[PDB]
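In case you want the letters, here they are:
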Amino acid sequence: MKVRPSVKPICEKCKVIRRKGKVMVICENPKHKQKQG
Amino acid sequence: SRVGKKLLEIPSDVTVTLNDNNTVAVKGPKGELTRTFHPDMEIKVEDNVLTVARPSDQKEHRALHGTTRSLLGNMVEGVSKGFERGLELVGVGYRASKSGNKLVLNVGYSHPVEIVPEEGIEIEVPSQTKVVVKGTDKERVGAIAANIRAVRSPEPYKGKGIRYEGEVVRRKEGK
Amino acid sequence: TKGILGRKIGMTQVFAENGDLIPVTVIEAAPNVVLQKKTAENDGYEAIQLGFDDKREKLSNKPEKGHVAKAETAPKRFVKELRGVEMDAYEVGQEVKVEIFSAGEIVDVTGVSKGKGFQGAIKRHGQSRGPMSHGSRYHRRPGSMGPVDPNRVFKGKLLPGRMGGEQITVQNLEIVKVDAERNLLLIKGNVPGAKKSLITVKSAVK
Amino acid sequence: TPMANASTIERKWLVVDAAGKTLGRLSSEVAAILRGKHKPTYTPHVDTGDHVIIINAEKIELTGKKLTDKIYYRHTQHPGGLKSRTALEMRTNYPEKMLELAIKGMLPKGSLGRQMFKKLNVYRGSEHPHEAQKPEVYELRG
RNA sequence: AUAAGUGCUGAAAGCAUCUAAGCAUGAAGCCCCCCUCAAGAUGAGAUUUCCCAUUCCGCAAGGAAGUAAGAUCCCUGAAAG
RNA sequence: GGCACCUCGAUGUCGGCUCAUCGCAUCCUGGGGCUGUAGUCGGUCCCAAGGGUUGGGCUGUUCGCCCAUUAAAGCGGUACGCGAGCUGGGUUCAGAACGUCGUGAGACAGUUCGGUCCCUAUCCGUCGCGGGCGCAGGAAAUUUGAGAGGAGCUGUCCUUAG
Ligand SMILES: CC[C@H]1OC(=O)[C@@H](C)C(=O)[C@H](C)[C@@H](O[C@@H]2O[C@H](C)C[C@H](N(C)C)[C@H]2O)[C@](C)(OC)C[C@@H](C)C(=O)[C@H](C)[C@H]2N(CCCCn3cnc(-c4cccnc4)c3)C(=O)O[C@]12C
């Protein structure tokens, strides 16, 4: 992941999905895989 | 610009039978599918047509108004034709087979992988590379297809292991 | 889940089809009798009683004589109970012999350990002592009772008290030999208890 | 000088079915009934309550995410000996203790409060031995 | 049964998505299985078996005085202390 | 460190020994996501406190360096846990000496050598063992388990297989 309290999109293909109560960035690039915590 | 506003038409090979409270049973040539829905969404039977209606315009009624209808439509599609997932596997001595019902994947491990499709799912192995999961539910064909892919997810350097039909597997140049 | 109960005699020393020595316990089990076959329909659990020894008439009481003479053998000294047995095979009044066990299979043994008495923290709980020299007045003593903030000692500060006398199981023991005519089990290893004391030999929970 | 009644206390047996309710709103009307707060011959020191039977404990329900989040904590007297059970772990295993712990909390504390806890007997399902006493079928106010 | 994680179905939001519903995996951790104690668990439980429902009072409740099965005092002791 | 709120009709102060327990901001082991992760090894991160977490040299030392192991040699709470449990090396009494300061008696977070560690446990609290009564008759045995404690660590070698 990228567990960081400032979750935000990096590229143009990142998506910001509020999964199960946590705001995540889900991308095709797996380094841009993020989650707040 | 909405799934739930349209119609779903039921020409033939699919008989939709409302039987109990929200339990929709759909019968046909392949198999029968039963699904119990949430009692807020209402489903009416036009002559060979399902029509879906929501009580209000709320956060959960829009979601159920999509999902109840979409699951009804996939029940109609899996009763009419069924579903199937293709499973390419690439390697050096990487291979699949079947013994009776049980799928035997001899893929990379020093042990055999023995998968049992218990609920009634037809697994084809048409050739020693491919594995096809075939049945009625998307929720069950895709489930056991992911169960087969979970045996070996693909490495990114050499694409090894189980792999779907047109899965763009990420490529790393590990030198 | 098979099992008998017997009495401890001593340790012997047995070669086994090779030059290998085996330390052996000898357990003498004159054949047990099912005294009460407890069922699930009233007692809530499926177990069985077994009796082992032959008391005299003088030592035994009328409730013992009645409970035994339901299935007439003799009033018995040690009644114990085995849970979850093959209750199709056992019946009330059946001589549960030593012919059950063989030299092959694995065995859990429960016996009442040797009593030691009021003993200190080092022989009881295996603690280490302070130095016997360099001015120290501290040895053979149980330790600091604890910290100061709880204003008390926690439960479980291990102290002197009576050591021994608990029922204790050694698991996965192995049988060397069975003498059914002398009513003897030979068991590889060490089995807890004093001499002439009752020890119950179950099958292993493997 | 009002009535201060003692050993003139006829005790009623009630059946409260718990098959759909919330346990906080059931046990608040049950733990008030177990002291006789509904009885006009109420003295605070002689246990003027009546007997309460709770039937179908395993179907009592909760609001929100309380089944997984409400944690029954129970420390022993041993260090590191706090034990935890969720509300579903109490629900599916034994709902009788879960209901009796609510009512132990909502009944007053002391010797007589334990004496009033003695009146209540919570059961799983509808077995309910207790036919020897005419237990009336009781409905809760809300 | 889960935690991290990985997913199916899958909308809201013609798509996409491990999502609100529905489902599934997944740890030396949680609950058991394993060992010990444990009904003073005052919620004091349950089995099997033994003894039987006597003698006076007093107008009753109740009291006392022999006992039954059983146990104990005292004694011989150790495997127990 | 600031402040001086409790204690100067006394709250013994470091390190060690014994005995632990607790927190997780996890040292190993367990499960994982990312990689500038080919493999073996790694880096970082997420979840996890269940268990484990060495023996010496010098030093009073905690700490630190070093030797040799380990799977790892984790950080911190508990009056920097624990002296009515122990030691007394160091601090912090009276002797004496050095350097230095002071005219001086003497003084030094300067050094050095030597220096009285008292208490029969009342109560709580722990660890064990009994005696009473209860348990709606009196007894002898066998028990169910609510609940509670324990245990819970892990290496290397072979095979898969060079
Ligand atoms: C033998 C034990 C002595 O304790 C200690 O001295 C010592 C072990 C302590 O630690 C003790 C507990 C001290 O308390 C501490 O005081 C500190 C100032 C404070 C401490 N806390 C308050 C922090 C506090 O614990 C104190 C002040 O004692 C000085 C207690 C105080 C009441 C005493 O002075 C006390 C009466 C001592 N004393 C005075 C004579 C001493 C001379 N002497 C030596 N040997 C003989 C002797 C030998 C043989 C024959 N005859 C005589 C005579 C005695 O005779 O016996 C004593 C009790």
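Residues numbered from 1 in each chain as written, not as in the entry; some residues may be left out. Chains lettered and ligands numbered in written order. Part of a larger assembly, values for the part shown. Heavy atoms only, no water.

- If you check the header, you'll see the entry was determined by cryo-EM and the resolution is listed as 3.1 Å.

## Concerning the sheet that holds strand 2 (residues 22-26) of chain A
All names here are of chain A.
In step 1: Spatially, the 3 strands line up as an open sheet ordered 1-2-3, and their pairing is antiparallel. Edge positions in the sheet fall to strand 1 (15-19) and strand 3 (34-35), since each has one partner strand and no second.
In step 2: Here strand 2 runs beside strand 3; their pairing, made up of 2 bridges, is antiparallel. Opposite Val25, over in strand 3, you have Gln34 as the bridge partner. (Pairing = 2+ DSSP bridges. Helix = DSSP H or I, 4+ residues; strand = E, 2+ residues; numbered from the N terminus.)

## Observations concerning the domain arrangement of chain B
Residues and elements named next belong to chain B.
In step 1: Taken as a whole, chain B is organised into domain 1 (15-81) and domain 2 (83-164).
In step 2: Taking only C-alpha atoms, the centre of domain 1 and the centre of domain 2 are 31 Å apart.
In step 3: Counting residues at the interface gives 7 residues for domain 1 and 5 residues for domain 2.
In step 4: Between domain 1 and domain 2, roughly 530 Å² of surface is buried when both sides are summed, and carbon and sulfur atoms account for 54% of that area.
In step 5: Across the domain 1-domain 2 interface, the total number found is 1 salt bridge.
In step 6: Linking domain 1 with domain 2 are 1 residue pair in polar contact, by the criterion used here.
In step 7: Sorting the residues of the side of domain 1 that touches domain 2 by element identifies strand 4 (33-36) and helix 1 (59-80) as the ones contributing at least two each.
In step 8: Among the elements that take part in the side of domain 1 that touches domain 2, helix 1 stands out by supplying 4 residues, more than any other. (Domains from an automatic or database assignment. Contact = heavy atoms within 4.5 Å. Buried area = accessible area lost by both parts, 1.4 Å probe. Salt bridge = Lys/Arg side-chain N within 4 Å of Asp/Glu carboxyl O. Polar contact = N/O pair within 3.5 Å; in protein donor to acceptor, adjacent residues only side chain to side chain.)

## Looking at the protein's contact with RNA strand E
In step 1: In the neighbourhood of RNA strand E, 54 residues make up the surrounding shell, with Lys15, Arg19 and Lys35 of chain A, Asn74 of chain B together with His67 of chain C lying closest.
In step 2: Protein-proximal atoms of RNA strand E, defined as those within 4 Å of the protein, fall in sugar or phosphate at a share of 77%.
In step 3: Interatomic distance of 2.5 Å between a side-chain N/O atom of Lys15 of chain A and a sugar or linking oxygen of RNA strand E.
In step 4: Between RNA strand E and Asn61 of chain C there is a distance of 2.9 Å, counted from a phosphate oxygen to a side-chain nitrogen or oxygen.
In step 5: Elements with a contribution of two residues or more to the surface near RNA strand E: strand 1 of chain A, helix 1 and helix 2 (138-149) of chain B, helix 2 (62-69), strand 9 (161-163) and strand 10 (167-179) of chain C together with helix 4 (95-106) of chain D.
In step 6: Of all the elements, helix 1 of chain B adds the most residues to the surface near RNA strand E, at 8 residues.
In step 7: Considering only residue class, the surface near RNA strand E consists of 13 nonpolar, 15 polar and 26 charged. (Near = heavy atom within 4 Å. Nonpolar A, V, L, I, M, F, W, Y, C, P; charged D, E, K, R; others polar.)

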